[PDB]
Every structure is written in C-alpha cells, then in structure tokens.
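Student: Pasting query.cif below, which is mmCIF, N, CA and C atoms and all ligand atoms.
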```
data_structure
#
loop_
_atom_site.label_atom_id
_atom_site.label_comp_id
_atom_site.auth_asym_id
_atom_site.auth_seq_id
_atom_site.Cartn_x
_atom_site.Cartn_y
_atom_site.Cartn_z
N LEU A 1 17.58 -7.88 -26.52
CA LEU A 1 17.23 -6.80 -25.53
C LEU A 1 17.52 -5.41 -26.09
N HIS A 2 16.74 -4.42 -25.65
CA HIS A 2 16.93 -3.07 -26.15
C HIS A 2 16.82 -2.02 -25.04
N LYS A 3 17.62 -0.97 -25.21
CA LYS A 3 17.66 0.12 -24.30
C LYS A 3 16.50 1.11 -24.53
N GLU A 4 16.00 1.69 -23.45
CA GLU A 4 14.92 2.66 -23.50
C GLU A 4 15.28 3.84 -22.60
N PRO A 5 14.81 5.04 -22.96
CA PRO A 5 15.20 6.18 -22.15
C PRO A 5 14.49 6.24 -20.84
N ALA A 6 15.11 6.99 -19.92
CA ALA A 6 14.55 7.30 -18.64
C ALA A 6 15.33 8.49 -18.06
N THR A 7 14.76 9.14 -17.04
CA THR A 7 15.44 10.22 -16.36
C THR A 7 15.47 9.97 -14.84
N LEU A 8 16.59 10.32 -14.23
CA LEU A 8 16.77 10.13 -12.83
C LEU A 8 15.68 10.93 -12.13
N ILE A 9 15.00 10.31 -11.17
CA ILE A 9 14.20 11.08 -10.23
C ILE A 9 15.01 11.24 -8.94
N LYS A 10 15.50 10.12 -8.39
CA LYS A 10 16.30 10.11 -7.16
C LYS A 10 17.04 8.81 -6.91
N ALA A 11 18.26 8.94 -6.45
CA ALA A 11 19.06 7.78 -6.05
C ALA A 11 18.41 7.23 -4.76
N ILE A 12 18.38 5.92 -4.54
CA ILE A 12 17.82 5.39 -3.29
C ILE A 12 18.92 4.64 -2.53
N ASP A 13 19.40 3.52 -3.07
CA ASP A 13 20.56 2.88 -2.45
C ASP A 13 21.39 2.11 -3.50
N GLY A 14 22.23 1.18 -3.06
CA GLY A 14 23.10 0.50 -4.03
C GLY A 14 22.42 -0.08 -5.23
N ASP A 15 21.25 -0.71 -5.03
CA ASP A 15 20.65 -1.48 -6.14
C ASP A 15 19.19 -1.12 -6.48
N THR A 16 18.76 0.06 -6.02
CA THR A 16 17.42 0.63 -6.25
C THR A 16 17.59 2.15 -6.54
N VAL A 17 16.83 2.59 -7.51
CA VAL A 17 16.86 3.98 -7.95
C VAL A 17 15.48 4.39 -8.46
N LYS A 18 15.11 5.64 -8.22
CA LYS A 18 13.80 6.11 -8.71
C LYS A 18 14.02 6.82 -10.04
N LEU A 19 13.34 6.34 -11.08
CA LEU A 19 13.48 6.85 -12.41
C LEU A 19 12.12 7.21 -12.95
N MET A 20 12.08 8.14 -13.90
CA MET A 20 10.86 8.38 -14.68
C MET A 20 10.97 7.59 -15.98
N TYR A 21 10.03 6.69 -16.20
CA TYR A 21 10.03 5.79 -17.36
C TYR A 21 8.66 5.84 -18.01
N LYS A 22 8.64 5.99 -19.34
CA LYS A 22 7.42 6.35 -20.07
C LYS A 22 6.59 7.41 -19.37
N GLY A 23 7.25 8.41 -18.81
CA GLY A 23 6.55 9.54 -18.19
C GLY A 23 6.02 9.32 -16.76
N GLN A 24 6.26 8.12 -16.19
CA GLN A 24 5.78 7.77 -14.84
C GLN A 24 6.94 7.48 -13.88
N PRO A 25 6.83 7.99 -12.65
CA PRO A 25 7.81 7.60 -11.63
C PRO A 25 7.72 6.12 -11.26
N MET A 26 8.88 5.49 -11.12
CA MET A 26 8.98 4.09 -10.83
C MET A 26 10.24 3.84 -10.05
N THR A 27 10.14 2.96 -9.06
CA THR A 27 11.36 2.46 -8.39
C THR A 27 11.87 1.28 -9.16
N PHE A 28 13.15 1.30 -9.48
CA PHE A 28 13.82 0.24 -10.23
C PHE A 28 14.78 -0.52 -9.30
N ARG A 29 14.68 -1.85 -9.31
CA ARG A 29 15.61 -2.76 -8.69
C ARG A 29 16.48 -3.36 -9.78
N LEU A 30 17.77 -3.25 -9.59
CA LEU A 30 18.75 -3.76 -10.57
C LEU A 30 18.70 -5.29 -10.70
N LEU A 31 18.61 -5.79 -11.93
CA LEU A 31 18.60 -7.24 -12.13
C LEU A 31 19.95 -7.83 -11.75
N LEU A 32 19.92 -9.05 -11.16
CA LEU A 32 21.04 -10.03 -11.09
C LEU A 32 22.14 -9.66 -10.12
N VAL A 33 21.88 -8.67 -9.26
CA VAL A 33 22.83 -8.21 -8.30
C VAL A 33 22.21 -7.98 -6.90
N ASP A 34 23.09 -7.95 -5.91
CA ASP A 34 22.69 -7.61 -4.55
C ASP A 34 23.75 -6.74 -3.88
N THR A 35 23.37 -5.52 -3.52
CA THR A 35 24.19 -4.65 -2.72
C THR A 35 23.82 -4.86 -1.25
N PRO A 36 24.76 -4.59 -0.33
CA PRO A 36 24.33 -4.56 1.09
C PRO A 36 23.32 -3.43 1.32
N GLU A 37 22.45 -3.60 2.31
CA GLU A 37 21.61 -2.49 2.82
C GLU A 37 22.51 -1.36 3.39
N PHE A 38 21.98 -0.13 3.45
CA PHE A 38 22.78 1.03 3.90
C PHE A 38 23.36 0.84 5.29
N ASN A 39 22.65 0.11 6.14
CA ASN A 39 23.04 -0.15 7.52
C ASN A 39 24.07 -1.28 7.66
N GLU A 40 24.48 -1.89 6.54
CA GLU A 40 25.42 -3.03 6.54
C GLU A 40 26.76 -2.57 6.00
N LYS A 41 27.80 -3.33 6.30
CA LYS A 41 29.12 -3.05 5.77
C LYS A 41 29.13 -2.97 4.23
N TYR A 42 29.78 -1.91 3.71
CA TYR A 42 29.84 -1.57 2.27
C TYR A 42 28.53 -1.06 1.68
N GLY A 43 27.47 -0.98 2.49
CA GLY A 43 26.22 -0.38 2.08
C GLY A 43 26.37 1.10 1.79
N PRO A 44 26.99 1.88 2.70
CA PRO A 44 27.08 3.31 2.32
C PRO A 44 27.90 3.54 1.03
N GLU A 45 28.97 2.79 0.87
CA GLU A 45 29.81 2.88 -0.34
C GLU A 45 29.04 2.46 -1.60
N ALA A 46 28.16 1.49 -1.44
CA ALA A 46 27.38 1.04 -2.61
C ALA A 46 26.40 2.12 -3.01
N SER A 47 25.71 2.70 -2.02
CA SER A 47 24.74 3.74 -2.27
C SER A 47 25.41 4.93 -2.90
N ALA A 48 26.57 5.32 -2.36
CA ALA A 48 27.36 6.42 -2.93
C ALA A 48 27.76 6.11 -4.38
N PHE A 49 28.21 4.89 -4.62
CA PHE A 49 28.70 4.55 -5.93
C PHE A 49 27.57 4.71 -6.97
N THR A 50 26.43 4.10 -6.66
CA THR A 50 25.29 4.15 -7.58
C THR A 50 24.79 5.61 -7.75
N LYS A 51 24.72 6.35 -6.64
CA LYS A 51 24.22 7.72 -6.62
C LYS A 51 25.08 8.59 -7.51
N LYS A 52 26.40 8.46 -7.35
CA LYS A 52 27.32 9.23 -8.18
C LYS A 52 27.15 8.90 -9.66
N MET A 53 27.05 7.61 -9.95
CA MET A 53 26.99 7.15 -11.32
C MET A 53 25.72 7.61 -12.01
N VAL A 54 24.60 7.62 -11.27
CA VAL A 54 23.32 7.97 -11.91
C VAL A 54 23.17 9.47 -12.01
N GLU A 55 23.68 10.19 -11.02
CA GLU A 55 23.58 11.67 -10.98
C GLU A 55 24.49 12.38 -11.96
N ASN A 56 25.65 11.80 -12.21
CA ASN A 56 26.58 12.34 -13.19
C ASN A 56 26.24 11.99 -14.65
N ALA A 57 25.36 11.03 -14.87
CA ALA A 57 25.10 10.61 -16.24
C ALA A 57 24.32 11.69 -16.96
N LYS A 58 24.66 11.92 -18.22
CA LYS A 58 23.82 12.77 -19.06
C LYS A 58 22.64 11.97 -19.59
N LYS A 59 22.81 10.66 -19.70
CA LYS A 59 21.81 9.78 -20.28
C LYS A 59 21.65 8.51 -19.43
N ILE A 60 20.44 8.31 -18.91
CA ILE A 60 20.03 7.10 -18.28
C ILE A 60 19.16 6.30 -19.26
N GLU A 61 19.46 5.00 -19.32
CA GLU A 61 18.63 4.05 -20.03
C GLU A 61 18.23 2.87 -19.19
N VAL A 62 17.09 2.29 -19.57
CA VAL A 62 16.51 1.10 -18.98
C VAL A 62 16.50 -0.06 -20.00
N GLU A 63 16.92 -1.24 -19.56
CA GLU A 63 16.92 -2.41 -20.38
C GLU A 63 16.23 -3.55 -19.62
N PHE A 64 15.02 -3.90 -20.06
CA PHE A 64 14.32 -5.02 -19.50
C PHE A 64 14.88 -6.28 -20.14
N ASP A 65 14.78 -7.39 -19.39
CA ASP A 65 15.10 -8.73 -19.86
C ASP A 65 13.83 -9.38 -20.48
N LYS A 66 13.86 -10.68 -20.63
CA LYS A 66 12.76 -11.37 -21.31
C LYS A 66 11.57 -11.82 -20.43
N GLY A 67 11.76 -11.82 -19.11
CA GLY A 67 10.70 -12.25 -18.19
C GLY A 67 10.02 -11.06 -17.55
N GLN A 68 9.75 -11.16 -16.26
CA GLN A 68 8.85 -10.21 -15.65
C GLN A 68 9.61 -8.88 -15.53
N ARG A 69 8.87 -7.80 -15.76
CA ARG A 69 9.42 -6.45 -15.72
C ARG A 69 9.17 -5.73 -14.40
N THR A 70 8.34 -6.35 -13.56
CA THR A 70 7.98 -5.80 -12.24
C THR A 70 8.05 -6.91 -11.19
N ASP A 71 8.68 -6.64 -10.04
CA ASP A 71 8.72 -7.65 -9.00
C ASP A 71 7.44 -7.56 -8.13
N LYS A 72 7.40 -8.36 -7.10
CA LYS A 72 6.20 -8.46 -6.26
C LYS A 72 5.92 -7.20 -5.42
N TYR A 73 6.91 -6.33 -5.29
CA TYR A 73 6.78 -5.08 -4.59
C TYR A 73 6.51 -3.89 -5.54
N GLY A 74 6.24 -4.17 -6.81
CA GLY A 74 5.96 -3.11 -7.78
C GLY A 74 7.20 -2.43 -8.35
N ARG A 75 8.39 -2.93 -8.03
CA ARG A 75 9.63 -2.34 -8.53
C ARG A 75 9.82 -2.88 -9.94
N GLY A 76 10.28 -2.03 -10.87
CA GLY A 76 10.64 -2.51 -12.19
C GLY A 76 11.97 -3.24 -12.05
N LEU A 77 12.16 -4.22 -12.90
CA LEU A 77 13.37 -5.01 -12.89
C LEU A 77 14.04 -4.80 -14.25
N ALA A 78 15.22 -4.19 -14.21
CA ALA A 78 15.97 -3.84 -15.38
C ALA A 78 17.49 -3.82 -15.14
N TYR A 79 18.18 -3.79 -16.27
CA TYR A 79 19.55 -3.37 -16.30
C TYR A 79 19.51 -1.87 -16.58
N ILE A 80 20.28 -1.11 -15.84
CA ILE A 80 20.25 0.33 -15.91
C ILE A 80 21.59 0.78 -16.40
N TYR A 81 21.60 1.73 -17.34
CA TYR A 81 22.86 2.20 -18.00
C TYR A 81 22.99 3.64 -17.76
N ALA A 82 24.24 4.05 -17.48
CA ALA A 82 24.61 5.45 -17.23
C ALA A 82 25.66 5.86 -18.24
N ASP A 83 25.22 6.63 -19.24
CA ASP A 83 26.08 6.99 -20.38
C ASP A 83 26.72 5.75 -21.00
N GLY A 84 25.89 4.75 -21.24
CA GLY A 84 26.30 3.54 -21.98
C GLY A 84 26.92 2.43 -21.14
N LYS A 85 27.26 2.78 -19.90
CA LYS A 85 27.83 1.86 -18.94
C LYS A 85 26.74 1.25 -18.01
N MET A 86 26.71 -0.09 -17.92
CA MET A 86 25.74 -0.80 -17.06
C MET A 86 26.08 -0.63 -15.59
N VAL A 87 25.20 0.04 -14.85
CA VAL A 87 25.39 0.18 -13.39
C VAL A 87 25.47 -1.21 -12.72
N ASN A 88 24.60 -2.16 -13.09
CA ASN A 88 24.63 -3.47 -12.47
C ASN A 88 26.09 -4.07 -12.55
N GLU A 89 26.72 -3.96 -13.73
CA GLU A 89 28.03 -4.53 -13.97
C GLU A 89 29.06 -3.73 -13.23
N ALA A 90 28.95 -2.41 -13.23
CA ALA A 90 29.95 -1.57 -12.60
C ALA A 90 30.06 -1.85 -11.08
N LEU A 91 28.91 -1.98 -10.44
CA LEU A 91 28.85 -2.38 -9.03
C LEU A 91 29.60 -3.69 -8.74
N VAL A 92 29.33 -4.69 -9.53
CA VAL A 92 30.01 -6.00 -9.36
C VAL A 92 31.55 -5.87 -9.61
N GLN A 93 31.95 -5.13 -10.63
CA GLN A 93 33.37 -4.98 -10.91
C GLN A 93 34.05 -4.37 -9.72
N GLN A 94 33.33 -3.55 -8.97
CA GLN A 94 33.94 -2.87 -7.82
C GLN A 94 33.86 -3.67 -6.55
N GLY A 95 33.26 -4.86 -6.60
CA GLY A 95 33.07 -5.63 -5.39
C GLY A 95 32.10 -4.94 -4.43
N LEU A 96 31.19 -4.11 -4.97
CA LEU A 96 30.18 -3.43 -4.14
C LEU A 96 28.81 -4.11 -4.21
N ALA A 97 28.71 -5.12 -5.10
CA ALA A 97 27.58 -6.01 -5.20
C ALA A 97 28.06 -7.41 -5.55
N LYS A 98 27.26 -8.40 -5.19
CA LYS A 98 27.37 -9.79 -5.68
C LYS A 98 26.34 -10.09 -6.70
N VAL A 99 26.65 -11.07 -7.54
CA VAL A 99 25.69 -11.68 -8.43
C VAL A 99 24.74 -12.47 -7.54
N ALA A 100 23.42 -12.32 -7.79
CA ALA A 100 22.35 -12.82 -6.89
C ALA A 100 21.03 -12.70 -7.61
N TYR A 101 20.03 -13.41 -7.08
CA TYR A 101 18.65 -13.27 -7.55
C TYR A 101 18.56 -13.61 -9.02
N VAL A 102 19.24 -14.68 -9.39
CA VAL A 102 19.29 -15.06 -10.76
C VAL A 102 18.15 -15.98 -11.06
N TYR A 103 17.06 -15.45 -11.59
CA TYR A 103 15.90 -16.27 -11.87
C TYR A 103 15.84 -16.61 -13.39
N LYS A 104 15.37 -17.81 -13.74
CA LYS A 104 15.27 -18.22 -15.15
C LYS A 104 14.42 -17.20 -15.93
N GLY A 105 14.75 -16.95 -17.19
CA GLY A 105 13.98 -16.00 -18.00
C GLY A 105 14.23 -14.51 -17.79
N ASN A 106 14.98 -14.16 -16.76
CA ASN A 106 15.51 -12.82 -16.63
C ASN A 106 16.94 -13.00 -16.27
N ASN A 107 17.72 -13.69 -17.08
CA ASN A 107 19.11 -13.85 -16.73
C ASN A 107 20.08 -13.61 -17.87
N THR A 108 19.67 -12.84 -18.87
CA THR A 108 20.46 -12.61 -20.10
C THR A 108 21.93 -12.18 -19.82
N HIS A 109 22.17 -11.31 -18.86
CA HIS A 109 23.53 -10.80 -18.65
C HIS A 109 24.23 -11.50 -17.46
N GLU A 110 23.75 -12.69 -17.08
CA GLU A 110 24.37 -13.44 -15.96
C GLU A 110 25.87 -13.72 -16.14
N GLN A 111 26.22 -14.31 -17.28
CA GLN A 111 27.60 -14.71 -17.41
C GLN A 111 28.53 -13.49 -17.53
N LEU A 112 28.07 -12.40 -18.15
CA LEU A 112 28.84 -11.09 -18.12
C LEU A 112 29.09 -10.61 -16.68
N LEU A 113 28.05 -10.68 -15.85
CA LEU A 113 28.20 -10.24 -14.47
C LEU A 113 29.07 -11.18 -13.64
N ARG A 114 28.91 -12.48 -13.81
CA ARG A 114 29.81 -13.47 -13.16
C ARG A 114 31.29 -13.25 -13.50
N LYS A 115 31.55 -12.87 -14.73
CA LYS A 115 32.92 -12.67 -15.14
C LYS A 115 33.48 -11.47 -14.39
N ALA A 116 32.67 -10.42 -14.26
CA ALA A 116 33.12 -9.23 -13.48
C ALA A 116 33.33 -9.58 -12.02
N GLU A 117 32.47 -10.45 -11.49
CA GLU A 117 32.58 -10.83 -10.09
C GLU A 117 33.85 -11.62 -9.88
N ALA A 118 34.16 -12.51 -10.80
CA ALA A 118 35.39 -13.32 -10.65
C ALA A 118 36.60 -12.37 -10.64
N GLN A 119 36.60 -11.37 -11.52
CA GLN A 119 37.71 -10.39 -11.50
C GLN A 119 37.75 -9.54 -10.20
N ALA A 120 36.60 -9.09 -9.69
CA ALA A 120 36.53 -8.43 -8.37
C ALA A 120 37.04 -9.28 -7.19
N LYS A 121 36.67 -10.55 -7.19
CA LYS A 121 37.12 -11.51 -6.16
C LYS A 121 38.67 -11.71 -6.19
N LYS A 122 39.21 -11.84 -7.41
CA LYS A 122 40.66 -11.98 -7.66
C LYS A 122 41.35 -10.78 -7.06
N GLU A 123 40.78 -9.60 -7.24
CA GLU A 123 41.40 -8.39 -6.71
C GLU A 123 41.13 -8.20 -5.21
N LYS A 124 40.29 -9.07 -4.61
CA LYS A 124 39.88 -8.93 -3.22
C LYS A 124 39.34 -7.51 -2.86
N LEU A 125 38.60 -6.91 -3.81
CA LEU A 125 37.93 -5.64 -3.67
C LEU A 125 36.73 -5.63 -2.70
N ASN A 126 36.72 -4.63 -1.82
CA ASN A 126 35.58 -4.28 -0.99
C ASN A 126 34.88 -5.50 -0.35
N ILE A 127 33.74 -5.90 -0.86
CA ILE A 127 33.11 -7.11 -0.34
C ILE A 127 34.06 -8.34 -0.32
N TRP A 128 35.00 -8.44 -1.24
CA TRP A 128 35.85 -9.60 -1.24
C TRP A 128 37.16 -9.45 -0.45
N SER A 129 37.29 -8.41 0.38
CA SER A 129 38.57 -8.06 1.03
C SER A 129 38.83 -8.60 2.45
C1 LIG A 201 16.44 -8.69 -7.89
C2 LIG A 201 15.09 -9.27 -7.67
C3 LIG A 201 14.53 -9.27 -6.41
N1 LIG A 201 13.32 -9.81 -6.21
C4 LIG A 201 12.67 -9.89 -4.89
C5 LIG A 201 13.18 -11.22 -4.26
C6 LIG A 201 13.39 -10.84 -2.80
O1 LIG A 201 12.18 -11.22 -2.05
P1 LIG A 201 12.09 -11.07 -0.43
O2 LIG A 201 11.90 -9.58 -0.15
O3 LIG A 201 10.88 -11.91 -0.21
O4 LIG A 201 13.38 -11.41 0.28
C7 LIG A 201 13.63 -9.35 -2.80
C8 LIG A 201 15.11 -8.92 -2.68
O5 LIG A 201 15.18 -7.55 -3.02
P2 LIG A 201 16.12 -6.62 -2.12
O6 LIG A 201 17.53 -7.19 -2.19
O7 LIG A 201 15.98 -5.19 -2.64
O8 LIG A 201 15.47 -6.69 -0.77
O9 LIG A 201 13.16 -8.85 -4.01
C9 LIG A 201 12.64 -10.40 -7.25
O10 LIG A 201 11.52 -10.92 -6.98
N2 LIG A 201 13.15 -10.43 -8.48
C10 LIG A 201 14.34 -9.91 -8.75
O11 LIG A 201 14.77 -10.00 -9.92
CA CA A 202 19.95 -5.20 -1.40
#
```
Would you write the structure of this file as structure tokens?
Tutor:
Amino acid sequence: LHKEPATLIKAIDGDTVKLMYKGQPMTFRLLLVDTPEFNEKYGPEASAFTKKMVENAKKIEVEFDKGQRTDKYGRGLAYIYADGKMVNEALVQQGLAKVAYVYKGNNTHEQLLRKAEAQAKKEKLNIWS
C-alpha cells in the first residue's frame, strides 16, 4: 500500500471527511472502523476528534487498500493520515470508534486496528466505559 496526497475540504463526522484527491472533491469513509452518528452517544466527541486531527494537520494523505476504492454511495474508502498518523487507528485507540466493516480484500490494517481496540477496551475508554 502507498500514501497519496490530498487536502482537507471539510470535516464531516467521526468517520467521513471531504477531501480533494487528484484535484476532485470526494467524500471519504474511513476503512475498518465505525464511529457513532453525531446524534448518538460519543458521536459529538468522535466528530470533534476527527475534525481537530484533520484541521490541524499540515499534511493529509490517502491510502487505498487492495479492493474497492469507492463504496456504493460514491464515498472513497481509504486509510487517512494526518501528519503521518492514521486517523482510523487514532480513533480506535481513543475508544471513539470500533473495528467494523471488515470486508475481504480491503482489510490490510485489520490486525493493527484490533490491537488498538484491545488496548482501548482494557483502558475502558469512551465507548468501552
Ligand atoms: C466502511 C464501509 C462501509 N460501507 C457501507 C456498508 C454500509 O451499508 P448500509 O448503509 O447499507 O448500512 C454503510 C455503513 O457506512 P456508515 O457507517 O457511514 O453508515 O456503508 C461499505 O460498503 N464499505 C466499507 O468499507
Ligand atoms: Ca458511522
């Protein structure tokens, strides 16, 4: 897998963000994770967490996996990095997302994310509290 550049257009919620990629606006859904909706418990905290992380980054990157790059709603499916740090992983470490939506062929960073989730659960952070 390889990282590619992108620029923030707008934060949307915990696990979706609008980015400019190859010069085009696109909504990105984070691979392998699930944040609560904004109207659900820990949803506002998830949206805040992602928003802060993407807005403060000097460098946003996109990393596609080996399978489909777009979901059925036209959202790109990627791992997103903020100054070298994976937002998908950071959310899970904080107990602000669960590992979810693990489909075959787009699951390269599954076991990395599971390990973060196990550490979040041990700490009884946020979603695990
Ligand atoms: C994360 C992800 C979600 N999706 C689809 C499955 C879910 O379908 P349904 O909408 O039919 O429930 C939906 C969950 O996304 P959200 O958690 O943003 O709603 O997005 C994919 O198809 N591939 C993925 O990798
Ligand atoms: Ca969600």
Student: Please compute the atom CA of residue A:116-atom CA of residue A:28 distance, one decimal, in Å.
Tutor: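 These atoms are spaced 21.7 Å apart.
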Student: Throw together the list of residues within 12 Å of ligand LIG 201 (chain A), counting only C-alpha atoms and all ligand atoms, and drop it here as a PyMOL selection string.
Tutor: chain A and resi 12-17+27-38+43+64-79+88+97-108+110
Student: Write out as a ChimeraX atom specification the set of residues from stretch 29-98 of chain A that DSSP, computed on the backbone, places in strand (DSSP E).
Tutor: /A:29-30,33-34,60-63,76-82,85-86,98
Student: Tell me, which residues of stretch 15-105 of chain A carry DSSP alpha helix (DSSP H), written as a VMD selection string?
Tutor: chain A and resid 43 to 56 87 to 93
Student: Do a neighbour search on residue A:81 at 12 Å with only C-alpha atoms, toss out local chain neighbours closer than 2 positions, and write the hits as a CSV table (one decimal) with N, CA and C atoms, in the coordinates of the input.
Tutor:
```csv
chain,number,residue,atom,x,y,z
A,2,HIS,N,16.7,-4.4,-25.6
A,2,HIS,CA,16.9,-3.1,-26.2
A,2,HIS,C,16.8,-2.0,-25.0
A,3,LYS,N,17.6,-1.0,-25.2
A,3,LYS,CA,17.7,0.1,-24.3
A,3,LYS,C,16.5,1.1,-24.5
A,4,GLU,N,16.0,1.7,-23.4
A,4,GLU,CA,14.9,2.7,-23.5
A,4,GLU,C,15.3,3.8,-22.6
A,5,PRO,N,14.8,5.0,-23.0
A,5,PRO,CA,15.2,6.2,-22.2
A,5,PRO,C,14.5,6.2,-20.8
A,6,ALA,N,15.1,7.0,-19.9
A,6,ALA,CA,14.6,7.3,-18.6
A,6,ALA,C,15.3,8.5,-18.1
A,7,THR,N,14.8,9.1,-17.0
A,7,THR,CA,15.4,10.2,-16.4
A,7,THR,C,15.5,10.0,-14.8
A,8,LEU,N,16.6,10.3,-14.2
A,8,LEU,CA,16.8,10.1,-12.8
A,8,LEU,C,15.7,10.9,-12.1
A,17,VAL,N,16.8,2.6,-7.5
A,17,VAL,CA,16.9,4.0,-8.0
A,17,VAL,C,15.5,4.4,-8.5
A,19,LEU,N,13.3,6.3,-11.1
A,19,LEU,CA,13.5,6.8,-12.4
A,19,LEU,C,12.1,7.2,-13.0
A,30,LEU,N,17.8,-3.2,-9.6
A,30,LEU,CA,18.8,-3.8,-10.6
A,30,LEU,C,18.7,-5.3,-10.7
A,31,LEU,N,18.6,-5.8,-11.9
A,31,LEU,CA,18.6,-7.2,-12.1
A,31,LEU,C,20.0,-7.8,-11.8
A,50,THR,N,26.4,4.1,-6.7
A,50,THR,CA,25.3,4.2,-7.6
A,50,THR,C,24.8,5.6,-7.8
A,53,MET,N,27.0,7.6,-10.0
A,53,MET,CA,27.0,7.2,-11.3
A,53,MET,C,25.7,7.6,-12.0
A,54,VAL,N,24.6,7.6,-11.3
A,54,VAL,CA,23.3,8.0,-11.9
A,54,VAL,C,23.2,9.5,-12.0
A,55,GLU,N,23.7,10.2,-11.0
A,55,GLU,CA,23.6,11.7,-11.0
A,55,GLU,C,24.5,12.4,-12.0
A,56,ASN,N,25.6,11.8,-12.2
A,56,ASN,CA,26.6,12.3,-13.2
A,56,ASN,C,26.2,12.0,-14.6
A,57,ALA,N,25.4,11.0,-14.9
A,57,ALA,CA,25.1,10.6,-16.2
A,57,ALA,C,24.3,11.7,-17.0
A,58,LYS,N,24.7,11.9,-18.2
A,58,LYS,CA,23.8,12.8,-19.1
A,58,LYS,C,22.6,12.0,-19.6
A,59,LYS,N,22.8,10.7,-19.7
A,59,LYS,CA,21.8,9.8,-20.3
A,59,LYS,C,21.6,8.5,-19.4
A,60,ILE,N,20.4,8.3,-18.9
A,60,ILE,CA,20.0,7.1,-18.3
A,60,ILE,C,19.2,6.3,-19.3
A,61,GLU,N,19.5,5.0,-19.3
A,61,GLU,CA,18.6,4.0,-20.0
A,61,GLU,C,18.2,2.9,-19.2
A,62,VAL,N,17.1,2.3,-19.6
A,62,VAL,CA,16.5,1.1,-19.0
A,62,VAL,C,16.5,-0.1,-20.0
A,63,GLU,N,16.9,-1.2,-19.6
A,63,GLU,CA,16.9,-2.4,-20.4
A,63,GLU,C,16.2,-3.6,-19.6
A,64,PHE,N,15.0,-3.9,-20.1
A,64,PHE,CA,14.3,-5.0,-19.5
A,64,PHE,C,14.9,-6.3,-20.1
A,78,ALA,N,15.2,-4.2,-14.2
A,78,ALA,CA,16.0,-3.8,-15.4
A,78,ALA,C,17.5,-3.8,-15.1
A,79,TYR,N,18.2,-3.8,-16.3
A,79,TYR,CA,19.6,-3.4,-16.3
A,79,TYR,C,19.5,-1.9,-16.6
A,83,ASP,N,25.2,6.6,-19.2
A,83,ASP,CA,26.1,7.0,-20.4
A,83,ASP,C,26.7,5.8,-21.0
A,84,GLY,N,25.9,4.8,-21.2
A,84,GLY,CA,26.3,3.5,-22.0
A,84,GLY,C,26.9,2.4,-21.1
A,85,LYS,N,27.3,2.8,-19.9
A,85,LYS,CA,27.8,1.9,-18.9
A,85,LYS,C,26.7,1.2,-18.0
A,86,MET,N,26.7,-0.1,-17.9
A,86,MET,CA,25.7,-0.8,-17.1
A,86,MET,C,26.1,-0.6,-15.6
A,87,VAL,N,25.2,0.0,-14.8
A,87,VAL,CA,25.4,0.2,-13.4
A,87,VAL,C,25.5,-1.2,-12.7
A,88,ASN,N,24.6,-2.2,-13.1
A,88,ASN,CA,24.6,-3.5,-12.5
A,88,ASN,C,26.1,-4.1,-12.6
A,89,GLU,N,26.7,-4.0,-13.7
A,89,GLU,CA,28.0,-4.5,-14.0
A,89,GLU,C,29.1,-3.7,-13.2
A,90,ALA,N,29.0,-2.4,-13.2
A,90,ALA,CA,30.0,-1.6,-12.6
A,90,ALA,C,30.1,-1.8,-11.1
A,91,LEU,N,28.9,-2.0,-10.4
A,91,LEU,CA,28.8,-2.4,-9.0
A,91,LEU,C,29.6,-3.7,-8.7
```
Student: Please measure the separation of atom N of residue A:80 and atom C of residue A:126, giving the value in Å to one decimal.
Tutor: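 Result for atom N of residue A:80 versus atom C of residue A:126: 21.7 Å, one decimal.
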Student: Please report the interatomic distance between atom CA of residue A:47 and atom N of residue A:1 in Å with one decimal.
Tutor: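 Interatomic distance, atom CA of residue A:47 to atom N of residue A:1: 27.8 Å.
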Student: So, counting only C-alpha atoms and all ligand atoms, which residue among A:123, A:44, A:111, A:82 is closest to ligand CA 202 (chain A)?
Tutor: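 For ligand CA 202 (chain A), the nearest of the candidates is A:44.
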